[PDB]
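Quick notes on the structure that follows.
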Amino acid sequence: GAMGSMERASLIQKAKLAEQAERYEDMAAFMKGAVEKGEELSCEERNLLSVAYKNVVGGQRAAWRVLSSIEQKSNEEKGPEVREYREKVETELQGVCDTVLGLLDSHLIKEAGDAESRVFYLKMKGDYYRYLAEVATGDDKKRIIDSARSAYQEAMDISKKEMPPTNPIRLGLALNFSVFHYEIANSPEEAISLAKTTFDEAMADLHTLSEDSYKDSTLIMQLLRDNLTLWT
Amino acid sequence: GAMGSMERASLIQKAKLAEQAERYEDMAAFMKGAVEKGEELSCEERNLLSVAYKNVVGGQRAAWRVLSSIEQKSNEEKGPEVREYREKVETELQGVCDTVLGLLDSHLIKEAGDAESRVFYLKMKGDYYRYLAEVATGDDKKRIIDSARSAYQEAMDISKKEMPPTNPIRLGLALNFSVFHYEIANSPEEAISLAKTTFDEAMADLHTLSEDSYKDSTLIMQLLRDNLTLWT
Amino acid sequence: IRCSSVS
Amino acid sequence: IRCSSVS
Ligand SMILES: [Ca+2]
Ligand SMILES: [Ca+2]
Ligand SMILES: [Cl-]
Ligand SMILES: [Cl-]
Ligand SMILES: [Cl-]
Ligand SMILES: [Cl-]
Ligand SMILES: [Cl-]
Ligand SMILES: [Cl-]
Ligand SMILES: [Mg+2]
Ligand SMILES: [Mg+2]
Ligand SMILES: [Mg+2]
Ligand SMILES: [Mg+2]
Ligand SMILES: [Mg+2]
Ligand SMILES: [Mg+2]
Ligand code: NA
Ligand code: NA
């Protein structure tokens, strides 16, 4: 609670400044402080929170993949250093995911009553369990994978009942859930099916949108198509 | 001294792994730990130390410039937040420069007897005083500028006596000292003169070099020319 | 190439 | 453009 003495509005303002400065660790600490004020988050604030932690954990994941590759080639060389340093980065990454999952559990999800907020937070919960699953090997690897799948599934169920198929939150949830199927659950056919069905239902709803909403939805649709091109 | 329990060789090995992972804060902590073992550094180790801290302070300087620009436009808006956050980043940056200057003073420079090592460390001392000068405003701004200038000057004096004009350490020292003159000391004519004299004396010594040394020297000469093109 | 995902 | 410097 190093941010406990700062005003909620000042934390949000500084998160935006940190984003402009590409200081994403600062950004995430500011947004964590804002969440810990206990009030619900607006749409803009939810996106600040996600952007901040996505960039933090993204750097850790990229580092972990570099070190994992070196470790595997060194085991195909001697000394514990590569394993030690990989484990260090892995432990840091797990700590960030635990932090995010802790904010969602205390108490963002339980207070989220609207479709847009509940789906957003359940998608985040799936994402950060997915990041844990990327490095998991031990007793709980299967439990971690099913925590991701369950969060994504609950988000999908709400999103199909409460949001149009072009809604960018719904589209991004489907994109990331399809990545989960391909990369984590060893279910490439499920990944491809979900990406194609999501793309096709969004295409048939584009005619409703304004020009600005059209640009938002088609940007994510392009990512679905990019994945399908990689996978097929 | 969180690295005090790790072997010197393991610290160096992990610094190299951190460089491959683009984990420069880790890299700098590993190299700080290696310096604190008390032994002199090899050429490769000196370059690891410099690369690590250059990347750390480079991110801070870039953030500081973003925030400084926002602060100045907001004073041309209200609230202390932009100044507070700029000051935070500034304090962190100053702390990193103090760390580096402390490693040089305790005791890298005093043990450096060879030209290549002494010039390298005195150049670093000039650089990190220069980074302090970029953010300095108060009672010691002029003393900081003269600490940079004095370190660079001592390095220049040794380099002109002990190294050929194509030596990459000598070239990089001259490049950075010319940046000091242009950006810090408000001495653009001195900056241009130094860059041109350095470039011309290196050009006339290229005929001695092997192909590999030629590539090393001409890469830095290109940076001298790039600066001269900006400045003239 | 790696898969694309969003925040 | 900003000035070029080296480590
Ligand atoms: Ca409740
Ligand atoms: Ca001595
Ligand atoms: Cl380690
Ligand atoms: Cl540990
Ligand atoms: Cl957990
Ligand atoms: Cl602050
Ligand atoms: Cl403070
Ligand atoms: Cl100092
Ligand atoms: Mg308050
Ligand atoms: Mg759940
Ligand atoms: Mg098939
Ligand atoms: Mg030892
Ligand atoms: Mg000196
Ligand atoms: Mg003139
Ligand atoms: Na504010
Ligand atoms: Na080693």
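Our numbering is plain: 1 for the first residue shown, then up by one each step along the chain.
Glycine too: its Cβ is placed from the backbone N, Cα and C atoms.
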Annotated residue, phosphoserine, per Swiss-Prot; candidates B:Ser10, B:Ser106, B:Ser150: B:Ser10
Sparsest Cβ surroundings (other CB atoms within 10 Å) among the recorded sites B:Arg61, B:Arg130: B:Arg61
Distance between B:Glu77 and B:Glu76, Cα atoms (Å), gap of 4 unmodelled residues: 9
DSSP state at B:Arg130 (site 'Interaction with phosphoserine on interacting protein'), helix/strand/coil: helix
